[PDB]
Amino acid sequence: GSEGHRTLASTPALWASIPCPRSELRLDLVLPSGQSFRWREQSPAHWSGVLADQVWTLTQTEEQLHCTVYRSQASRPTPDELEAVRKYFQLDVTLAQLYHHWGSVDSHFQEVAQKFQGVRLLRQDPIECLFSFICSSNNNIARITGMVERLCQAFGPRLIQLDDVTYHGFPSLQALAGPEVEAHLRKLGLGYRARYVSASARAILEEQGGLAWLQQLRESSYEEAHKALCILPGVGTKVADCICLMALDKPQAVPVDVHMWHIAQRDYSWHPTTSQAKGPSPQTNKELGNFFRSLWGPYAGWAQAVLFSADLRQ
DNA sequence: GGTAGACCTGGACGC
DNA sequence: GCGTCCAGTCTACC
Ligand SMILES: Nc1nc2c(c(=O)[nH]1)=NC(=O)N=2
Ligand SMILES: [Ca+2]
């Protein structure tokens with residue numbers, strides 16, 4: 001009862017609610033869709049993970065978003081802690097207004113958005129986002145998720161233990177820059193990305209001015225931010241866009257991957273026009289990104305998550 | 001400036 | 001069962 005992962009039903013007195021209609025958020029579509037790789041549905045309809053250096057389990061009813069925190073006597077999430085949840089899911093942004101707009105300007109979006117509502121963008125931590133996506137290239141969500149777990153367990157602070165699951169905070173820059181980190185990461189199966197992780201942690205801390213340099217990009221322009229990130233090892237056009245969209249408040253950033261190319265070709269009959277290549281290339285990928293922005297507007301990155309997410313269901 | 005491989009890993013085909 | 005295919009970044013020519 002007092003042990004293991006909690007459920008709304010099993011530990012009633014231990015959950016606080018946040019008004020949130022499923023029309024504004026569908027956890028089952030946001031948490032396992034490749035935005036963040038640290039949430040697990042440990043029990044049906046309940047998702048557990050680390051949010052703001054604390055462990056949480058979240059579940060939702062038709063109109064409520066139920067939250068519970070494990071921190072020292074077990075209490076309820078305070079309205080302050082709940083605020084941390086509101087910021088993570090950027091609940092101030094009205095998903096219904098964006099959907100309305102996108103659907104208005106894009107008949108196909110309208111058609112798809114009808115079956116996949118509640119897909120919004122999480123506002124992630126720069127460091128976690130950076131290395132998680134460095135791990136994402138030329139890889140599948142299943143592996144990435146495992147890789148990111150082993151990584152946090154090996155270099156991240158130990159938080160708390162539920163059942164046989166020990167949660168860890170995300171590794172720090174200093175830890176990731178440590179000696180023999182790449183070697184360790186390889187035995188952990190990160191493949192060649194093991195080097196990227198080490199090299200980018202080192203480069204940030206020893207050549208760019210550390211954490212402040214990264215956090216500063218949030219106030220910077222999208223074009224500036226994306227440009228800066230490309231500097232780092234293992235960070236190409238897509239990874240950079242993922243970071244700008246999900247961690248740097250650059251809502252118009254559109255990550256162009258294999259998924260978005262398929263969608264573009266199949267659902268909009270798109271073809272590169274200012275480029276000679278007919279397939280993915282640095283030129284055509286940049287163009288496709290412009291195409292979606294021109295299609296959905298300032299929040300192109302968010303609209304993207306809707307179709308991307310719905311494309312995963314296949 | 002603009003392209004062909006090379007690079008870890010492992011679930012998913014296909015024969 | 002074994003050999004592909006598939007889920008981006010980087011680099012060596014052209
Ligand atoms: N275009 C995208 N590429 C992604 C992604 C996402 O939400 N959009 N998650 C991910 O791991 N790769
Ligand atoms: Ca590919």
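Values reported hereafter were calculated over all heavy atoms of this structure, with side chains retained and with hydrogens, waters and symmetry mates removed. Every chain is numbered from 1, with letters handed out A, B, ... down the list of sequences.
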**Student:** What residues form a side-chain hydrogen bond (donor to acceptor under 3.5 Å, both in side chains) with A:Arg202, not counting sequence neighbours?
**Tutor:** none
**Student:** Roughly how far apart, to the nearest Å, are C:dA7 and B:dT3 at atom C1'?
**Tutor:** 22 Å
**Student:** In whole Å, measure the gap between the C1' atoms of B:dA12 and C:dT9 for me.
**Tutor:** 25 Å
**Student:** Does A:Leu232 reach a base, just sugar-phosphate, or nothing at all? Heavy atoms under 4.0 Å.
**Tutor:** sugar-phosphate
**Student:** Send over the distance from A:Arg193 CZ to C:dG8 P, rounded to a whole Å.
**Tutor:** 10 Å
**Student:** Which atom pairs link the protein and nucleotides 11-14 of chain C when you take only N or O atoms and keep those under 3.5 Å?
**Tutor:**
none

**Student:** Testing the basics here: between A:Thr61 and A:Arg22, what is the closest heavy-atom pair and its distance to 0.1 Å?
**Tutor:** O-CG, 3.8 Å
**Student:** Would you jot down, in residue-number order, the residues of residues 241-270 of chain A having a non-hydrogen atom under 4.0 Å from DNA chain C?
**Tutor:** A:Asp257, A:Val258
**Student:** Report the residues that fulfil side-chain contact (heavy atoms from CB on, under 4.5 Å) with A:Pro32, sequence neighbours left out, ordered by chain and then residue number.
**Tutor:** A:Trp47, A:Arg313
**Student:** Taking the P atom of each, how far is C:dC10 from B:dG11, in whole Å?
**Tutor:** 27 Å
**Student:** Touch check for A:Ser136, heavy atoms < 4.0 angstrom, all strands: base, sugar-phosphate only, or nothing?
**Tutor:** nothing
**Student:** May I have the distance from A:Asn139 (atom CG) to B:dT9 (atom P), rounded to whole angstrom?
**Tutor:** 11 Å
**Student:** Without decimals, in angstroms, what is the distance between A:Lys238 NZ and C:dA7 P?
**Tutor:** 11 Å
**Student:** Please output the side-chain donor-acceptor pairs of residues 94-104 of chain A that fall under 3.5 Å, not counting sequence neighbours, one pair per line with the distance.
**Tutor:**
unit_1, atom_1, unit_2, atom_2, d
A:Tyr99, OH, A:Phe116, O, 2.7
A:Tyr99, OH, A:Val119, N, 3.4
A:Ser104, OG, A:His100, O, 2.7

**Student:** Taking the side chain as every heavy atom from C-beta outward, state whether A:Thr59 and A:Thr57 have any pair of such atoms under 4.5 Å apart.
**Tutor:** no
**Student:** Using Watson-Crick and G-U wobble pairs whose two distances are both under 3.5 Å, how do you write the pairing of DNA chain C as dot-bracket, with | for links to another strand?
**Tutor:** .||||||||||||.
**Student:** Does A:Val105 sit in a hydrophobic cluster with other residues, and if so which ones, taking ILVMFWY side chains as linked at heavy-atom separations under 4.5 Å, directly or through other members?
**Tutor:** none
**Student:** Is A:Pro233 touching bases, backbone alone, or none of the nucleic acid, heavy atoms closer than 4.0 Å?
**Tutor:** sugar-phosphate
**Student:** Pick from A:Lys87, A:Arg86, A:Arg123: which one makes a salt bridge (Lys or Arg N to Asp or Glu O under 4.0 Å) with A:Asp92?
**Tutor:** A:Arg86
**Student:** Among residues at least two apart in sequence or on other chains, which ones pass side-chain contact (heavy atoms from CB on, under 4.5 Å) with A:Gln215?
**Tutor:** A:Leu211
**Student:** A:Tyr268: which residues meet the side-chain hydrogen bond (donor to acceptor under 3.5 Å, both in side chains) condition with it, sequence neighbours left out?
**Tutor:** A:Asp106, A:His108
**Student:** Using a heavy-atom cut-off of under 4.0 Å over every strand shown, decide if A:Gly236 touches base, sugar-phosphate, or nothing.
**Tutor:** sugar-phosphate
**Student:** Using the P atom in both, what is the distance from C:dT4 to B:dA6, to the nearest Å?
**Tutor:** 13 Å
**Student:** Please write out each protein N/O paired with an N/O of nucleotides 3-7 of chain B under 3.5 Å, distance rounded to 0.1 Å.
**Tutor:**
unit_1, atom_1, unit_2, atom_2, d
B:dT3, OP1, A:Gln276, OE1, 2.5
B:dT3, OP2, A:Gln283, OE1, 3.3

**Student:** Decide, yes or no, whether a salt bridge links A:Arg186 with A:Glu182 under the criterion of side-chain N to carboxylate O below 4.0 Å.
**Tutor:** yes
**Student:** Taking NZ from A:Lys187 and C1' from B:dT9, how many angstroms apart are they, rounded to a whole number?
**Tutor:** 17 Å
**Student:** Over how many whole Å does the gap from A:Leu312 atom CG to C:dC6 atom P extend?
**Tutor:** 17 Å
**Student:** Taking atom P in both C:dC6 and B:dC15, what distance in whole Å separates the two?
**Tutor:** 15 Å
**Student:** Which atoms form the tightest heavy-atom contact between A:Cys129 and A:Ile243, and what is the distance?
**Tutor:** SG-CA, 4.0 Å
**Student:** For the residue pair A:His46 and A:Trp15, categorise the inter-ring angle as parallel (less than 30°), tilted (30 to 60°) or perpendicular (more than 60°).
**Tutor:** perpendicular
**Student:** Does a donor on one side chain and an acceptor on the other come within less than 3.5 Å for A:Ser33 and A:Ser309?
**Tutor:** yes
**Student:** Quick one: list whatever passes side-chain hydrogen bond (donor to acceptor under 3.5 Å, both in side chains) with A:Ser23, sequence neighbours left out.
**Tutor:** none
**Student:** Between B:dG11 atom P and A:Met147 atom CE, what is the distance in whole Å?
**Tutor:** 14 Å
**Student:** Please report, rounded to the nearest Å, how far the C1' atom of C:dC10 is from the CD1 atom of A:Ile231.
**Tutor:** 16 Å
**Student:** In whole angstrom, what separates A:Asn140's CG from B:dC8's P?
**Tutor:** 17 Å
**Student:** With sequence neighbours excluded, what pairs up with A:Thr7 under the side-chain hydrogen bond (donor to acceptor under 3.5 Å, both in side chains) test?
**Tutor:** A:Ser10
**Student:** In this structure, do the base rings of B:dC7 and B:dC8 stack on each other (centres less than 5.5 Å apart, planes differing by less than 30°)?
**Tutor:** no
